[PDB]
Amino acid sequence: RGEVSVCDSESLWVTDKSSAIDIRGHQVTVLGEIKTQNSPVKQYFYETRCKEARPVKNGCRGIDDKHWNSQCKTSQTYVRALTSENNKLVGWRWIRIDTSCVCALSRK
Amino acid sequence: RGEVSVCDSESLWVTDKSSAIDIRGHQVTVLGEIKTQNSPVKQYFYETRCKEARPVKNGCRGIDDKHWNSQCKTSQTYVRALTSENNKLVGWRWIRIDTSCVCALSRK
Amino acid sequence: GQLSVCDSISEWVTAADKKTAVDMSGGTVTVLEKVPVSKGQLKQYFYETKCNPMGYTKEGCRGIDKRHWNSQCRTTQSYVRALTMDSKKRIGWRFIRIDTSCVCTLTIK
Amino acid sequence: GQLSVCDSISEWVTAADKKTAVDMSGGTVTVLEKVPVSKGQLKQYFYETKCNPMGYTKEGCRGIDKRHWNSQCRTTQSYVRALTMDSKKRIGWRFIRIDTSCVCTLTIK
């Protein structure tokens, strides 16, 4: 019971996502459901972002501010989602979702 | 090229079956389609019955009529089909479909 | 009563006992054990009939004019739809061959 | 510019390379290679990120006040939906765990 993270984070199930940035860099609409196989099953994501950009207030925790500048930034990963673009071309695309909180280092 | 069958038969794809006898002995309606998995795919059977009850006219061919009475009867097998009964209880039931032509022997 | 020209036996066979099968195209296909329906799952099984290997008709059929004929009981197959998966791992409904009868065949002696 | 506290590498991983995975329930599940969609099939794959085993950060994280701290980069996982099949051979969409990050953990020295 002595472990501590350089940055804190929260995970949550995101159930009403309707917009996202795909692997190409476009804004696409995330559909609310996957109808086929005739269920139909709703489409939701397990997300995890940063609680805030600074746990301590020099940047991230545990850092050597004596020679480093930090910040806790949410990082993203790609996940396939059923989407549409301008209400057309409905299909599976790789979209960016917040997947973790990570410490960014900068020199001085 | 010298083989001959005791009874002849025909196979066909049956595409408009709407009634059948199930494993319990009831008359059930065969639905025309299997909608789920959201295709939807039509429901058809590969059937095979007797061309007629007598290829030769003593009964079946190759028999010893000198001490046997034969007849070629269509025999059935059970296959699961999506069905309904009195327009309710839609589900998968074992139904009887003609599956082959077979020679029935009787003594004298 | 009557009597069959060839002795047969039927049996319920699950996809689990079966494993693989040949479709109407020649391809070897794996037969899935359960199929997703509305409520839940459905165990996939088949009703098969074949020549009884230990029936009386194991050497020739019954009631055959042995003078002009040689005979033999053989298992014949039929096409049944099944949820399956092919070699390229694609899942779908296909017609596969299953034993459904034991018929008598003659050859002129 | 910036620099990560922990060195990571990403990779596209197909269900074919993967095979099995653990769902949100603890169960080992087989990940299906292709999923039936409208037109045809869809090869099933994932984008995974993990601590780079041959990165500079293999013994402790970068920028750590080594005076008061011990540190370490570790791969953390996330939940992604996947068409899978369980131990009772049931097919369905489930959340499975996949590596999505490499984070730094501290322990007071």
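Entry numbering is not used for residues: they are numbered from 1 along each chain in the order the sequence is written, which may differ from it, and residues without coordinates are omitted. Chain labels run from A onward and ligand labels from 1 onward, assigned in the order the entries are written. Computation of side-chain values covers all heavy atoms of the structure but excludes hydrogens and water.

X-ray crystallography is the method the PDB entry states for this structure, with the resolution given as 2.3 Å.

**What about the overall build of chain C?**
Per the secondary structure count, chain C includes one helix and nine strands. What counts as a helix is a DSSP run of H or I of at least four residues, what counts as a strand is a run of E of at least two, and both are numbered from the N terminus. N-terminal to C-terminal, the α/β element order of chain C is β-β-α-β-β-β-β-β-β-β. Put simply, the radius of gyration uses C-alpha atoms, and a globule should come to 2.2 Å times the residue count raised to 0.38. What you see for chain C is a C-alpha radius of gyration of 18 Å, clearly larger than the 13 Å of a compact globule of 109 residues, by over 25%. With the C-alpha coordinates of chain C rotated into their principal frame, the extents come out at 55 × 30 × 20 Å.

**Quick notes on the interface of chain C and chain B**
In what follows, a contact means two residues having at least one pair of non-hydrogen atoms within 4.5 Å. Facing 36 residues of chain C, the contacting portion of chain B comprises 33 residues. By buried area we mean the combined loss of accessible area, with a 1.4 Å probe, across both parts when two parts are placed together. Carbon and sulfur atoms make up 59% of the area that chain C and chain B hide from each other, which totals about 2900 Å². Here a salt bridge means any side-chain nitrogen of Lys or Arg lying within 4 Å of a carboxyl oxygen belonging to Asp or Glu. Inspection of the region where chain C meets chain B yields two salt bridges. Residue C:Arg67 is joined to B:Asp64 by a salt bridge in which the shortest nitrogen-to-oxygen separation is 3.6 Å. Whenever two N or O atoms come within 3.5 Å, that pair is a polar contact, provided that in protein one can donate a hydrogen and the other can accept it, and provided that, for residues adjacent in sequence, both atoms are side-chain atoms. If you look at where chain C meets chain B, you find twelve residue pairs in polar contact. Here the side of chain C that touches chain B gets eleven residues from one element, more than from any other, and that element is strand β9 (residues 91-108) of chain C. Basically, the charged four are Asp, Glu, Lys and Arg, the nonpolar ten are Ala, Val, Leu, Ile, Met, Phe, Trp, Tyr, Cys and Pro, and anything else, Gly included, counts as polar. When its residues are assigned to classes, the side of chain C that touches chain B shows 20 nonpolar, ten polar and six charged. As paired strands, strand β1 (residues 3-5) of chain B and β9(C) are joined by three bridges and run antiparallel to one another. DSSP bridges decide pairing: two strands pair if at least two such bridges lie between them.

**Let's talk about the packing of aromatic side chains**
Both the distance between ring centres and the angle between the ring planes are used here to describe each pair of aromatic rings. Whether two aromatic rings pair depends on their centres lying within 6.5 Å, for rings of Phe, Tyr and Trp, where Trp uses its six-membered ring; planes under 30 degrees apart make the pair stacked, over 60 edge-to-face, and the rest tilted. Inspection of the entire model under this criterion finds 26 aromatic pairs over all chains. Between the aromatic rings of A:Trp92 and D:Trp93, the centroid separation amounts to 6.3 Å while the plane-to-plane angle is 10°, which identifies the pairing as stacked. With A:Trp92 in strand β9 (residues 88-106) and D:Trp93 in strand β9 (residues 91-108), this pair bridges two chains. The exposure class assigned to A:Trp92 is partly exposed, which follows from its relative accessible area of 26%. Its relative accessible area of 23% is what places D:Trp93 among the partly exposed residues. With a centroid separation of 5.8 Å and an interplanar angle of 75°, the aromatic rings of D:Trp12 and D:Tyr45 are classed as edge-to-face. One end of the pair, D:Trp12, is in strand β2 (residues 8-14); the other, D:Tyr45, is in strand β7 (residues 45-51), and 33 residues separate them in sequence. For D:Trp12, a relative accessible area of 40% gives the class partly exposed. Placement of a positive charge over a ring is assigned whenever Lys NZ or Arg CZ falls within 6 Å of the ring centre and within 35 degrees of the normal to the ring plane. Across the ring face of B:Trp68, the terminal group of B:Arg107 is positioned such that the distance to the ring centre comes to 4.6 Å. Its guanidinium or amino end placed over the ring of B:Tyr44, C:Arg81 lies 4.6 Å from that ring's centre, counting from NZ or CZ. The cut-offs for exposure are 20% and 50% of the maximum accessible area for each residue type, with area from a 1.4 Å probe on protein chains only; residues under the lower value are buried, those over the upper are exposed, and the others partly exposed.

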